[PDB]
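> I'd like to ask you about the structure that follows.
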Amino acid sequence: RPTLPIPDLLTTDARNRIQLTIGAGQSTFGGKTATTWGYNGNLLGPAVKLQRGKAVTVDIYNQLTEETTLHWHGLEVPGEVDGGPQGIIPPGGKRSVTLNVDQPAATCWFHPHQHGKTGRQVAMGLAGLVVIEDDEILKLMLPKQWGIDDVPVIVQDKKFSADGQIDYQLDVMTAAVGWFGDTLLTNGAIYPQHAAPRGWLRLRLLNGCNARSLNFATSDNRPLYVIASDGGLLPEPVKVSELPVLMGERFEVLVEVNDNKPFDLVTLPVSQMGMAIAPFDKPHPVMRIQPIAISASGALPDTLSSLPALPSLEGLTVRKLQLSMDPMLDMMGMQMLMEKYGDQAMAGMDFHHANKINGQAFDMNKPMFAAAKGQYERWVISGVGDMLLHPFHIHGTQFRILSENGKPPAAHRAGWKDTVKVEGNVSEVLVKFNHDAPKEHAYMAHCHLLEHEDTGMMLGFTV
Ligand SMILES: [Cu+2]
Ligand SMILES: [Cu+2]
């Protein structure tokens, strides 16, 4: 097996600048070349290291022949640097942003947000990581040797045509059920191995799929200890036997490594339409962990952080967001899925503006509302009316889940989140925006099933 590719950990230079070049190159999958896009390389991207309380300037050079944007998913930053669809970077041009980092330690990520094309641009290879550090986390003495006992694990599916190229289409079927493939990548490699020292191994897990939900576990059923969600540390570790991860979500887990006992990180079949077709009808390996007989220094502390109680809900502004899909698109798309793949597409379970929030397909010129700055609001997001999965993401914040799809959140999901599950039911989140966003650079709120976002399931809002 190939070794797990380890993204470079990138910090500022003497001018306080980080350079990111967006460009086309080539990658090899199963022996066959494909055109791919990457940040500072051919595919995927570096891990940008940020420090709470410090500002960094990022110089972003678009060397593609089409327009793109660069969005920092999970970062609490003003709209002007948020890199939503209004944050255009012309082909052959450059945009610079200054990020004033003001949130706790977390694994965030970055990716394109081009209007109507975010799914294609992510599918072509663009994604990178953000590692935010703070003073609190350093004192815990977690595993922290990058590429050794602290590793990022970006998991993505793709499908390829016979000629070896990535086979991306936004069409009636994918607008309805999402773009998904038959090949699983881990930091861009197929089923890599990672050598790890005896003791604790920290995995920063990102579901970077367009549409496919994941469910992590180990091949020999050793537990995962969840220590962090999208927005940072949980108050205490939470032991789990499996870990569902929606599109765009991150979790950090610790797992024990013992001499002479290799095991695989795997993903278990999910109950999502289209996602349990071979090879994903069965547990699917993500990466092999190969124990090395050298002692690892990291700890799993009993206490990680302090999590504040939920405040009172009385008096808070309520904003209701009703997700919907044109009945026609939903029917046509699902029929096409069933015709192609049959019953296995439900195992365990104009289209360009067909998906909507509050009856409206995304209008970039018309933010739907102006949210308060520095005030808690309660946002109620409903998927009642269809049975599709909508991981709902809100820019400019780390929120607390009050109810996830009609039930209180599980413990590992009760901390700081930027995504909430919505699937045929109603979710409620407690959100606060610390930064402004004007109409010309609005925050987005949308489904992170990228084909739904690109066909209208997104709104802009100001702060
Ligand atoms: Cu985001
Ligand atoms: Cu959706």
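Naming works like this for the structure tokens: A, B, ... for the chains as they're shown, residue 1 at the start of each chain, ligands 1 onward in shown order.
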List as a list in words the protein and nucleic acid residues near residue 143 in chain A, meaning an atom at most 9 Å away when only C-alpha atoms are counted, but skip any in the same chain fewer than 5 places from it.

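Contacts, in chain order: residues 148, 149, 150, 200, 201, 202, 254, 296, 297, 298, 299 and 300 of chain A.
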
> 10 Å from ligand 2 is the threshold here; counting only C-alpha atoms and all ligand atoms, which polymer residues fall inside it? Answer as a ChimeraX atom specification.

/A:175-178,211,323-325,355-356,383,386-392,421-423,446-453,455-458

> With N, CA and C atoms retained, could you export that selection as a tab-separated table (two decimals), in the first residue's frame?


```tsv
chain	number	residue	atom	x	y	z
A	175	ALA	N	-28.52	16.23	-9.31
A	175	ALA	CA	-29.15	17.35	-8.64
A	175	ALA	C	-30.13	16.88	-7.60
A	176	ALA	N	-30.69	15.68	-7.81
A	176	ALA	CA	-31.63	15.10	-6.89
A	176	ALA	C	-30.95	14.34	-5.75
A	177	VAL	N	-30.00	13.45	-6.06
A	177	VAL	CA	-29.45	12.56	-5.03
A	177	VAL	C	-27.96	12.82	-4.70
A	178	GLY	N	-27.28	13.63	-5.50
A	178	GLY	CA	-25.88	13.99	-5.26
A	178	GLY	C	-24.92	13.26	-6.20
A	211	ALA	N	-21.48	14.41	-1.60
A	211	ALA	CA	-22.82	13.97	-1.26
A	211	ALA	C	-22.93	12.76	-0.36
A	323	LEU	N	-36.47	23.96	3.89
A	323	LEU	CA	-35.83	23.36	2.74
A	323	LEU	C	-36.87	22.68	1.87
A	324	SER	N	-36.66	22.75	0.56
A	324	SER	CA	-37.53	22.01	-0.36
A	324	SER	C	-36.86	21.66	-1.68
A	325	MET	N	-37.41	20.64	-2.34
A	325	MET	CA	-36.98	20.24	-3.67
A	325	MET	C	-38.21	20.21	-4.57
A	355	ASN	N	-34.06	23.40	-6.26
A	355	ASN	CA	-33.93	23.22	-4.82
A	355	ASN	C	-33.94	24.59	-4.18
A	356	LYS	N	-34.55	24.69	-3.00
A	356	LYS	CA	-34.95	26.00	-2.48
A	356	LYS	C	-34.93	26.08	-0.96
A	383	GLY	N	-36.70	19.90	6.98
A	383	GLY	CA	-36.67	19.09	5.77
A	383	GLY	C	-37.96	18.33	5.55
A	386	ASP	N	-39.60	16.06	2.18
A	386	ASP	CA	-38.84	15.08	1.38
A	386	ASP	C	-37.97	14.29	2.34
A	387	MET	N	-37.38	13.21	1.83
A	387	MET	CA	-36.69	12.27	2.70
A	387	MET	C	-35.20	12.28	2.44
A	388	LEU	N	-34.70	13.31	1.75
A	388	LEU	CA	-33.29	13.37	1.42
A	388	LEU	C	-32.49	13.96	2.56
A	389	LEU	N	-31.20	13.65	2.56
A	389	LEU	CA	-30.29	14.12	3.62
A	389	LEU	C	-29.74	15.51	3.29
A	390	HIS	N	-29.89	16.44	4.24
A	390	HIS	CA	-29.41	17.81	4.11
A	390	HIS	C	-28.52	18.14	5.29
A	391	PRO	N	-27.20	18.03	5.16
A	391	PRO	CA	-26.34	18.53	6.25
A	391	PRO	C	-26.31	20.02	6.12
A	392	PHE	N	-26.93	20.72	7.05
A	392	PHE	CA	-27.13	22.14	6.91
A	392	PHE	C	-26.02	22.90	7.59
A	421	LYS	N	-27.63	17.87	11.03
A	421	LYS	CA	-28.40	16.95	10.18
A	421	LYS	C	-29.87	17.40	10.06
A	422	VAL	N	-30.37	17.46	8.83
A	422	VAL	CA	-31.82	17.64	8.54
A	422	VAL	C	-32.24	16.60	7.53
A	423	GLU	N	-33.21	15.76	7.89
A	423	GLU	CA	-33.65	14.66	7.03
A	423	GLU	C	-35.07	14.26	7.37
A	446	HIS	N	-26.66	26.92	3.91
A	446	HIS	CA	-27.02	25.99	2.85
A	446	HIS	C	-26.85	24.56	3.21
A	447	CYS	N	-27.44	23.71	2.37
A	447	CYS	CA	-27.16	22.28	2.40
A	447	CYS	C	-25.76	22.03	1.86
A	448	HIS	N	-25.01	21.19	2.56
A	448	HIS	CA	-23.63	20.85	2.14
A	448	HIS	C	-23.57	19.58	1.31
A	449	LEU	N	-24.72	19.10	0.83
A	449	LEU	CA	-24.77	18.15	-0.28
A	449	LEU	C	-24.60	19.06	-1.49
A	450	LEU	N	-23.42	19.05	-2.09
A	450	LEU	CA	-23.00	20.16	-2.95
A	450	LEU	C	-23.91	20.32	-4.17
A	451	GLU	N	-24.44	19.23	-4.72
A	451	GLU	CA	-25.32	19.34	-5.89
A	451	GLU	C	-26.62	20.02	-5.55
A	452	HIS	N	-27.08	19.88	-4.30
A	452	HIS	CA	-28.27	20.63	-3.83
A	452	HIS	C	-27.95	22.11	-3.69
A	453	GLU	N	-26.80	22.42	-3.09
A	453	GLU	CA	-26.38	23.83	-2.98
A	453	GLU	C	-26.30	24.48	-4.36
A	455	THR	N	-27.78	23.88	-7.10
A	455	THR	CA	-29.08	23.99	-7.78
A	455	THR	C	-30.15	24.70	-6.95
A	456	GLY	N	-29.72	25.43	-5.93
A	456	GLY	CA	-30.53	26.47	-5.29
A	456	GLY	C	-30.73	26.41	-3.80
A	457	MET	N	-30.29	25.34	-3.14
A	457	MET	CA	-30.58	25.16	-1.73
A	457	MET	C	-29.55	25.91	-0.86
A	458	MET	N	-29.64	27.23	-0.93
A	458	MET	CA	-28.71	28.16	-0.26
A	458	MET	C	-29.41	29.49	-0.15
```

> Please extract the residues at most 8 Å from ligand 1, counting only C-alpha atoms and all ligand atoms, and provide them as a PDB file with N, CA, C and O atoms, in the first residue's frame, using the chain letters and residue numbers of this document.


```
ATOM      1  N   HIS A  71     -13.256  29.692   0.396  1.00  0.00           N
ATOM      2  CA  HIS A  71     -14.059  29.790   1.603  1.00  0.00           C
ATOM      3  C   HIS A  71     -13.359  29.000   2.730  1.00  0.00           C
ATOM      4  O   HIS A  71     -12.821  27.901   2.483  1.00  0.00           O
ATOM      5  N   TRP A  72     -13.306  29.570   3.922  1.00  0.00           N
ATOM      6  CA  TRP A  72     -12.681  28.935   5.108  1.00  0.00           C
ATOM      7  C   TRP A  72     -13.800  28.356   5.951  1.00  0.00           C
ATOM      8  O   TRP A  72     -14.406  29.042   6.767  1.00  0.00           O
ATOM      9  N   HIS A  73     -14.134  27.108   5.671  1.00  0.00           N
ATOM     10  CA  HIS A  73     -15.229  26.445   6.329  1.00  0.00           C
ATOM     11  C   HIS A  73     -14.940  26.191   7.803  1.00  0.00           C
ATOM     12  O   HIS A  73     -14.012  25.470   8.156  1.00  0.00           O
ATOM     13  N   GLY A  74     -15.767  26.804   8.651  1.00  0.00           N
ATOM     14  CA  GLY A  74     -15.625  26.737  10.098  1.00  0.00           C
ATOM     15  C   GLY A  74     -15.013  27.954  10.730  1.00  0.00           C
ATOM     16  O   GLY A  74     -15.077  28.086  11.963  1.00  0.00           O
ATOM     17  N   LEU A  75     -14.490  28.864   9.897  1.00  0.00           N
ATOM     18  CA  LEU A  75     -13.844  30.074  10.424  1.00  0.00           C
ATOM     19  C   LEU A  75     -14.823  31.198  10.684  1.00  0.00           C
ATOM     20  O   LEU A  75     -15.644  31.593   9.823  1.00  0.00           O
ATOM     21  N   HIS A 393     -25.368  23.766   6.840  1.00  0.00           N
ATOM     22  CA  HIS A 393     -24.188  24.519   7.276  1.00  0.00           C
ATOM     23  C   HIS A 393     -24.480  26.004   7.233  1.00  0.00           C
ATOM     24  O   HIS A 393     -25.103  26.492   6.287  1.00  0.00           O
ATOM     25  N   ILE A 394     -24.029  26.707   8.272  1.00  0.00           N
ATOM     26  CA  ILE A 394     -24.168  28.150   8.391  1.00  0.00           C
ATOM     27  C   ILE A 394     -22.774  28.753   8.474  1.00  0.00           C
ATOM     28  O   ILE A 394     -22.007  28.364   9.350  1.00  0.00           O
ATOM     29  N   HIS A 395     -22.463  29.688   7.582  1.00  0.00           N
ATOM     30  CA  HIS A 395     -21.171  30.448   7.626  1.00  0.00           C
ATOM     31  C   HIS A 395     -21.070  31.386   8.823  1.00  0.00           C
ATOM     32  O   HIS A 395     -22.102  31.773   9.378  1.00  0.00           O
ATOM     33  N   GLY A 396     -19.835  31.713   9.194  1.00  0.00           N
ATOM     34  CA  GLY A 396     -19.550  32.811  10.117  1.00  0.00           C
ATOM     35  C   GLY A 396     -19.760  32.508  11.572  1.00  0.00           C
ATOM     36  O   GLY A 396     -19.711  33.423  12.384  1.00  0.00           O
ATOM     37  N   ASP A 418     -20.735  23.422  13.117  1.00  0.00           N
ATOM     38  CA  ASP A 418     -21.116  24.307  12.020  1.00  0.00           C
ATOM     39  C   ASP A 418     -22.063  23.660  11.012  1.00  0.00           C
ATOM     40  O   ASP A 418     -22.465  24.307  10.042  1.00  0.00           O
ATOM     41  N   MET A 444     -23.354  32.764   3.749  1.00  0.00           N
ATOM     42  CA  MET A 444     -24.235  31.748   3.203  1.00  0.00           C
ATOM     43  C   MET A 444     -24.774  30.849   4.313  1.00  0.00           C
ATOM     44  O   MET A 444     -24.120  30.597   5.328  1.00  0.00           O
TER      45      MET A 444
END
```

> What's around range 260-272 of chain A at 6 Å? Count only C-alpha atoms, leave out sequence neighbours fewer than 6 positions away in its own chain, and write the answer as a ChimeraX atom specification.

/A:215-219,280-290,348-349

> Could you pull out the strand (DSSP E) residues of range 203-395 of chain A, going by DSSP on the backbone, and write them as a ChimeraX atom specification?

/A:203-207,214-218,224-229,232-240,243-245,250-257,263-267,284-295,317-325,355-357,369-370,377-382,390-394

> Just the helix (DSSP H, G or I) stuff from range 62-188 of chain A, please, per backbone DSSP, written as a count of residues only.

19

> I want to know what sits within 6 Å of range 31-39 of chain A, based on only C-alpha atoms, with residues of the same chain fewer than 6 positions away left out; could you give that as a ChimeraX atom specification?

/A:21-25,45,124-126,164-165

> Just how far from CA of residue 132 in chain A is CA of residue 242 in chain A, in Å to one decimal?

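CA of residue 242 in chain A sits 25.6 Å away from CA of residue 132 in chain A.
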